[PDB]
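Notes for the structure review
Chain by chain, the residues:
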Amino acid sequence: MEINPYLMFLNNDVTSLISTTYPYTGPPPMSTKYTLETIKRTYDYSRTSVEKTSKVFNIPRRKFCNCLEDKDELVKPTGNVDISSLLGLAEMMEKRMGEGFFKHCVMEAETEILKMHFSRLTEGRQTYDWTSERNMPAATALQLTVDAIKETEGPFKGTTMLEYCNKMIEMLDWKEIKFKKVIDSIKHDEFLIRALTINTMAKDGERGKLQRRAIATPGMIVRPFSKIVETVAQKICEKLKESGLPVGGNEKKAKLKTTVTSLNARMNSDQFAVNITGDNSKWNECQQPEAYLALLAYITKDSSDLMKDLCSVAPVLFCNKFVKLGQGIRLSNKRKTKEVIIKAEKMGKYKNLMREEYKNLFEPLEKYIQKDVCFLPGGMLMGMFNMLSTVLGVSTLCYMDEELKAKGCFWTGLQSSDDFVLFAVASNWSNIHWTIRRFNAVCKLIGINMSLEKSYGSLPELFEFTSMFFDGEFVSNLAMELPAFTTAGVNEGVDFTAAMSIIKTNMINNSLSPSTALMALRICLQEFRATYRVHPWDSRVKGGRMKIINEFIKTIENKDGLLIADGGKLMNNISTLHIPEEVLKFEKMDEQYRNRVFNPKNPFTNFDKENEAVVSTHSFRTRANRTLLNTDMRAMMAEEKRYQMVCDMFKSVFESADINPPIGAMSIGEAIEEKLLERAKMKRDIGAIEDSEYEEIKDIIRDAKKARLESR
Amino acid sequence: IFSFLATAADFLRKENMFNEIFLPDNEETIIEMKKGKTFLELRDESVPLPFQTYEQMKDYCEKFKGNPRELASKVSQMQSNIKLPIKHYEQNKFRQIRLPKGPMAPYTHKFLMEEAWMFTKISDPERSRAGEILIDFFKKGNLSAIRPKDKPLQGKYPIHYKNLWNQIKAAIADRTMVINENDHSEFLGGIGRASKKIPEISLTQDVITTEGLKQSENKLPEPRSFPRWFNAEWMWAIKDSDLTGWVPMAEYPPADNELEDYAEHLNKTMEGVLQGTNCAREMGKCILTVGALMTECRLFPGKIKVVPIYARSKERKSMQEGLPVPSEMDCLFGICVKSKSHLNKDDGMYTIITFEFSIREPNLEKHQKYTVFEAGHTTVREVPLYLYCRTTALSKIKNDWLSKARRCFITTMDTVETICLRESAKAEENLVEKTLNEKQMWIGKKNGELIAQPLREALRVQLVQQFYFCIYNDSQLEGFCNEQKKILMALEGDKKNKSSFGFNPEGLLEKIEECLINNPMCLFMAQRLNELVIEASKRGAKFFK
Amino acid sequence: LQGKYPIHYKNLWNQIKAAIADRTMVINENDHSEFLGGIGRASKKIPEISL
Amino acid sequence: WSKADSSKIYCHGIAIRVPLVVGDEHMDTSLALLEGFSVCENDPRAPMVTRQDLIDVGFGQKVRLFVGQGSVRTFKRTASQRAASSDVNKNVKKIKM
Amino acid sequence: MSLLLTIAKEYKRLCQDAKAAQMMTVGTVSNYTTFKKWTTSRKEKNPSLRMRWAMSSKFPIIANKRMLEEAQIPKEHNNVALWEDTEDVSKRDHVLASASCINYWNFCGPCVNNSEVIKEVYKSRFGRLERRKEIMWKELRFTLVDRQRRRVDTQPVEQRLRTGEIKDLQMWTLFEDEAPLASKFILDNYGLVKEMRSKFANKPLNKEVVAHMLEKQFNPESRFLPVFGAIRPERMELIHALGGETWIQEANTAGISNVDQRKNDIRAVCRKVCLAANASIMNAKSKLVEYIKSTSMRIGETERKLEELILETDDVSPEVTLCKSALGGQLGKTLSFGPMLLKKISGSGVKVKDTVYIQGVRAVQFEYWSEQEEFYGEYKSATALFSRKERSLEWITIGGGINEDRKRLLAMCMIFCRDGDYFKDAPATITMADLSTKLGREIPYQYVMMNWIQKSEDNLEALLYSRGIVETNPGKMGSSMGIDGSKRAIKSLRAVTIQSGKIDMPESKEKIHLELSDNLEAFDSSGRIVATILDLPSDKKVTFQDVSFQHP
Amino acid sequence: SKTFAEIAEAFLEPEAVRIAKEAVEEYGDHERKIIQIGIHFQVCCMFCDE
RNA sequence: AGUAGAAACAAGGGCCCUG
């Protein structure tokens, strides 16, 4: 016999089995060629040849905005924009939402941008340092930038975001910058290019669209302005119903269902509806920051004169951005015994010993190129601006005209980033087609293209949106979250409760069935027992932990109160997923074991900080890597160790430093001194202290104060 | 006053607003972005074309008024120079998929499944580690009874394999699962075949002319043909294995309400049905062998080791008659060997070697990479013996994901419970056992006719599908399974008389057929999808023959 | 100190005080009493003919 | 009344909030004294003390003290029962004329 | 003690340096927070992988050293290692160890005197457990469920607070020496603090953990979830084990957590005081504010001020709304038209004037909105989604489960939109007396027709007849509503759609600061009315327990 | 949050909030100055003290 | 040799260490 599983798709639906296709049960798969092709496609998509010359860098600057040419194969992507249409659509959207809308949003944003501390830039994905020219986390990059500022002119007394932005601005006009290293200094032009510089990362953690195989990583001189723009964009998007970017899960489902009901209720008897599943292409390669600049200027027209200047920064910076070529080419001989490695800055030299493809792709991009960088004056990148593009897109679904009503035609829908859903209505197919072509045209006028292969249509109730297929019912893919049914990798106490919580959320939202949840529970339990090299007592397994387990087990009288990490069995089920085991066994443990576990004096316990879990000896912290031990990355550890000593001493004095953020007009030394004297008196009055000890402490403290104030 | 001011100051300091901004003096009442010189020079340079200074753009945007007529005119103009095609599938049907042409796709999985032969023994709880069982099986003499010959049926470098097998036997005899670095192992382990570096600072035009150092010409994979051995494996992995308990599983907790009782009952049925198959023993084999290999790679790098390919199971349960309380069993399918898994970084590669036992002669098309030897005879009566040998590699990522191969159970349970609950709700009655024993599901074709069997027996097909997805996972299969959904949605539209349409299906077919290369699973599923659309054309439109 | 369903008893005591305050010994809501009266026996019933 | 809530007095069901100026045997912290203290102009002559000796001061006296973190002030054991609600509402209504 | 002297010596040594001195001298203390981030920064992509790759090692854990020496923790107990003298690179005061040592500690390690304090630390979760234990399960059945999505609370919590009120409470219960100035919330809530302090005093504990647990103990976890049946936190915490899309585990959970009683009592008190202040004619505003501040109530054991509870709850009722408005309390954008509930989804408009003749010729001004708008509506066990257009009810859809509720919702919707001829020519039955001004306070024709409907069912039937009636076309038979509220008929009303399955309640995390008039009618930056005193029951007598009306 | 007025309402009386709001609207200055003015105003009030 | 993909590994740092 010959086998074919797809045959089940005849006598059964398709949504209730679509999960079977997703191969998320196996390992997923993992430069310069990609980047060069991307640069090429970006230039190419702009359908023009006009260029200017930057008096700053003296470089050709292709201008792609309101300069459309080469109107052939328009079905293909285009990155040219007509600002007039953009502003018209924005005006129509405002008219729909009412007056005083954009102003209200920018006001809500300014209400936060001002009070924000400049330390919230540490949170986020990696960034590109502008001194070592590598991708470090944000905290270290901020530290290094501050230290450089201080070593150049003086310490940064600022405590908010605005002062940091003004300092950055000023630093774009200096003439000599210093910074630490195994203490090199640089000039204005080099620092400028190195600041506008941008790097790439091949993380693409999520599978999602395999086309996504990279992501951007700007510097530190572009983060706050980007945050400002994203904040205003968020405050705008949240007000709209035709957007689903910030929300997640049930929200967009409810949106779609209400939209469908409204649609079915509006259309008369002589009308019929249609759906479409769209997947835009080259999203991050057609969106232009110049249109964003004009749009933000149109928005910040009635608000204060302050927001007008801030929002206008990140656009021009992305309009004058540089890209980073990574790792260069690799050379080799025939037998491949030897192998030479080369970097980007050198490819301009050995451009003859490369494949003809690289030559055809590289020589054209030799004028836009500088040392290991290319001057991309436009385009965009992944993750940089998602919400703003979503706003720009939603402006289309709001369109309306006299022709659409002369035929009784109108469209609506719902759009997220590069993924939308359309609902067209008309009285005949000849008009449906015309409506769809009109929509495509209006989207083409603002660089929003559409993929003709990944996009398809059908009658109303059949579509998909972000891996969620929709019909009369709602099909939870249930494979999108399969990896979550795994031990996080934090500690023993936690992973089990976290897994149970995830299972509960699935059962609530994703309609996960009971028996499936039980199976997942048992599987996660087995994986937990296997990872930490632990097994039950009744088992016969041998090894390190199990040895002492079987040794001291005799002291116990009720194993039902034991923990899994200490040779305990499972006591939990569906009706007990919202209850950690530690709580479920507390009433049966042995006082000895109970007290030896829940003791605050543990050489292991560390706090992590959601953290819906119990604390005990099992809540440990893992060892730290040591590969850096050999690398000479030690000079940087010095300042970190200094800050750590300072912080831990301050905390030794003030125990609530972490819980309640400190505040006041005193410095650190003043508060420390005063508190120490206070405690000394408080004790010597009643507690076990002598006048000699008090006087010695006081002398030491005054001497330390003198030294502190004398050093500088 | 002082009290009020103190409270207010504390609040502000808590809100970070205790600064000149919110509490300025008379003079410092004008806060503004310190617009420098360079920033302005750029801003006046990034303006769109018609404007040349940010001031003009600001004046045009702050006063922009809507003129719907010119907008509609440009819309129509752009709508005429485009000519967007619209294609209802009913008129423009989908052609069949064009698979590549060439030789057949051979076996790729590291371990053998159908052709595998194993030696079994009884398990003692004391001796449970691998380094122990590999000796226990060694004492009885069968593992040592083997003695291949220098004449291979097929393959290459047989001398290296033979010497490696002899060294393995010697090491086992020494009670030390270790091997020395000789020329043979060095050749099979890729010890010194890592490229040598040559800086450019030390390079001249003269150095390049001596030995050509051109840019490496990447040799992308080559195409293949449809494999004819896949259906055999699929049909073999559906039958029992004479034992069960191949895949370890945890215990069932207590129950208090009907819900947990139902869940436990259904889970027990499914687990008992699945644990008896052959795919299950392969899953357990992979689990345990990969665990052992990962442990070794973590503890004993820079050292060639010896790890067995084994599994644990339990003989089936007959009636109370005869010997009750059936025993357990340790099974051994072959030997495995690693080579200096210095996993400095994820995605790395550590070459392993596989010595497996079989009793079935090979095929050149399928067992192309293997190098078989004629060993001797073994009992059951006596039968000849073969020794399949090859080389491959692994990574941290693959090891981890293969060890977590119990997800197929979850997916299958989800699908089945969904079907049963959906059928039970439409009637408001417990219809689960009936749905498992009665509801029929298409499986395949035989003699040009369709075949069906209850879901209770079709679960195995979905399980094997998931297992293979876990095994043959790659970028090719990813793209395929991502691009096939459109076809299924079009099919559904055809079933419900929904007049579907599209813009460019040919491009979709092209994209699909682009990622079909030398990966058996993609080819098999594509041929089966073609057969699906064909069989449905007898009942639906939108498909060409 | 030692008991089984303390919350029911406590809420019922509060309801008792409330009722007495209202000068009527009656208790309108029937959630706790129903429970504590049905703990002995409470279930559905299927006709033999539907078997 | 009850030792649990030592800041209330129940008369005929009605409740009465007793100020927190002095602490008897039951009250066992500075919490019962805070409504007797208030802030005043800083005086470096007055002494600096703890939160426990704070009970041994005389009504109408001044004393320096440390509060929370990085902050020192001067307090006086004299209260001010008035609030801001009325002092603002009244003065406002006197402006709409 | 000697430790104090050691800390002083360390401070001196640290000040001897120059950089440490500069940083401890410049700026304020807040900089500490910043310094807390530049240090100890290291993450990992797939911690699961690295955890299986590390636990496969010999000593993957770190631990303190002196704590082990003092605890007499040996090494190589029974030929199995536990740790070896070394120094981690980050801490520099910790030593590598293995997981087995933890078991050693748990089995033959130092024991504390008592540990029942845990039950107080995690009281919320022990409460979950107990609430579970006091349940009486029931049979299981299979069927389809009408699961509506909405924002609700999943954590039962008493005395729900804000964050500013919680941050001080933690400090005053654990770190009193480091306490700030006394805030009003403390001086008011003294007994509460005393209670929370009596338990966590003179105990060996890690305090950060306690603070986190208290935050959880005072946080109602608000979620947007699908829901079926009654709405109570006691259920939502385990909703996962009560029913899904296809199954239901029946169970009675009515007699637990005594929550909604507090809310209904609060709303009753609000209604009472609102009526009281309405008795006035020129100062009902100040009268109401005085009645508020002159009142308190008991919660469990403690006595709380009314104005304090009102600003913490989220009961969207036409009574609570008024109070929260008088006290300047911000609130959500939720409407109220009589008993029904409403929420605007989109659209706009502006007021407009019109008149109607009551009997013969008696001109009476009534306003409406001149634009298209869309509204969600929720009455008892019934939902609706409709649109108004220039004094007309354009369309409406319903997903309820009752005929009576359906009809009442439809009628109140028609009224809210001034749709029909009655608003063009009122009926003879109404007169100038029923018009308005019980004692001078006018009444718009809207609420007039409202009470006219609530009076007799036949007024409601006539009002429904005011809506167009036609013959049920084929196919739409299922999506049709008769006069009785039947899912199908031969002749049904005009522009109506029915369906099985409630409507998904919208959501918006917005807040607005509104005001009100001397007649107790709130406005929201527009001529729209969100609440009044005509949308609540007329009056009723109730005996409030544990309350203090300290006002003449 | 979401506006300086709501913030000022946290520790100030809404009356002075509205007052300072109308004032800044009169002078048409940046509404971030609602706070200072309210404080000054409230001080004046608590100065008069009947 | 081999892996896998549209580039990387087939140890790396100073005789010693390390994931």
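Residues numbered from 1 in each chain as written, not as in the entry; some residues may be left out. Chains lettered and ligands numbered in written order. Part of a larger assembly, values for the part shown. Heavy atoms only, no water.

Per the deposition metadata, cryo-EM was the technique used to determine this entry, at a resolution of 3.3 Å.

In the nomenclature of the PDB entry, chain E is known as Polymerase basic protein 2 of Influenza C virus. Looking at the Subunit heading of the UniProt record, one finds this comment for chain E: "Influenza RNA polymerase is composed of three subunits: PB1, PB2 and PA. Interacts (via N-terminus) with PB1 (via C-terminus). Interacts with nucleoprotein NP (via N-terminus). Interacts with host ANP32A (via C-terminus); this interaction promotes viral RNA synthesis." UniProt, in the comment section headed Sequence similarities, describes chain E in these words: "Belongs to the influenza viruses PB2 family." (UniProt positions renumbered as here; feature names shortened; annotations may be inferred.)

The PDB entry lists chain D under the name Polymerase basic protein 2, with Influenza C virus given as the organism.

**Some points on the packing of aromatic side chains**
Evaluation of the coordinates by the stated rule reveals 68 aromatic pairs over all chains. Where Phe119(B) meets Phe357(B), the ring centres are 5.6 Å apart and the plane angle is 20°; that geometry is what we call stacked. Placement of the pair is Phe119(B) in strand β2 (residues 119–121) and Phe357(B) in strand β7 (residues 350–358), with a sequence separation of 238 residues. Here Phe357(B) falls in the buried class, since its relative accessible area comes to 1%. For the ring pair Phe501(B) and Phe503(B), a centre distance of 6.4 Å and an interplane angle of 75° mean the geometry is edge-to-face. Pairwise contacts between aromatic rings join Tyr107(B), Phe226(B), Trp229(B), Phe230(B), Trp234(B), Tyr370(B), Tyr388(B), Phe467(B), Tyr468(B), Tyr472(B) and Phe524(B) into one cluster. If you follow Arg684(A) out to its NZ or CZ, it ends over the ring of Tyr694(A), 5.8 Å from the centre. The ring of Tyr252(B) has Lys268(B) sitting right over it, with the charged end atom 3.9 Å from the ring centre. (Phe/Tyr/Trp six-rings, centres within 6.5 Å; stacked < 30°, edge-to-face > 60°. Helix = DSSP H or I, 4+ residues; strand = E, 2+ residues; numbered from the N terminus. Buried < 20%, exposed > 50% of the residue type's maximum accessible area, 1.4 Å probe, protein only. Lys NZ or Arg CZ within 6 Å of the ring centre and 35° of its normal.)

**Comments concerning the protein's contact with RNA strand G**
For RNA strand G, the set of nearby residues contains 28 residues, the closest of which are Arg330(A), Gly190(B), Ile191(B), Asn218(B) and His342(B). Sugar plus phosphate, as a fraction of atoms of RNA strand G within 4 Å of the protein: 47%. In the environment of RNA strand G, a phosphate oxygen lies 3.2 Å from a nitrogen or oxygen atom belonging to the side chain of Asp474(B). Elements with a contribution of two residues or more to the surface near RNA strand G: α8 (183–188), β9 (383–394) and α17 (475–483) of chain B together with α4 (47–54) of chain E. Looking at the surface near RNA strand G residue by residue, the class counts come to eight nonpolar, 12 polar and eight charged. (Near = heavy atom within 4 Å. Polar contact = N/O pair within 3.5 Å; in protein donor to acceptor, adjacent residues only side chain to side chain. Nonpolar A, V, L, I, M, F, W, Y, C, P; charged D, E, K, R; others polar.)

**Overview of the sheet that holds strand β5 (residues 72–76) of chain D**
Residue and element names in this part refer to chain D. The three strands are arranged β3-β5-β4 in an open sheet whose pairing can be described as antiparallel. At either end of the open sheet lies a strand with only one pairing partner, and these are β3 (38–39) and β4 (62–66). Inspection of the sheet shows β3 paired to β5 by two bridges, in the antiparallel sense. Across the sheet, residue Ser38 finds its bridge partner in β5, namely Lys76. (Pairing = 2+ DSSP bridges.)

**Quick look at the arrangement of the chains**
Counting contacts across all 11 pairs of chains found in contact, the highest total belongs to chains A and B. Nothing in chain A touches chain C; the tightest C-alpha to C-alpha distance between them is still 14 Å. Taking C-alpha atoms as the reference, chain C and chain D come no closer than 14 Å and do not contact one another. (Contact = heavy atoms within 4.5 Å.)

**As for the interface of chain A and chain B**
Of the residues lining the interface, 156 residues belong to chain A; the matching set on chain B comes to 151 residues. In this assembly, chain A packs against chain B so that about 15,400 Å² is buried in total across both faces, 62% of it on carbon and sulfur atoms. Here chain A and chain B share 13 salt bridges between them. A salt bridge links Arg529(A) to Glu251(B); its shortest N-O distance comes to 3.1 Å. (Buried area = accessible area lost by both parts, 1.4 Å probe. Salt bridge = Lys/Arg side-chain N within 4 Å of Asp/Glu carboxyl O.)

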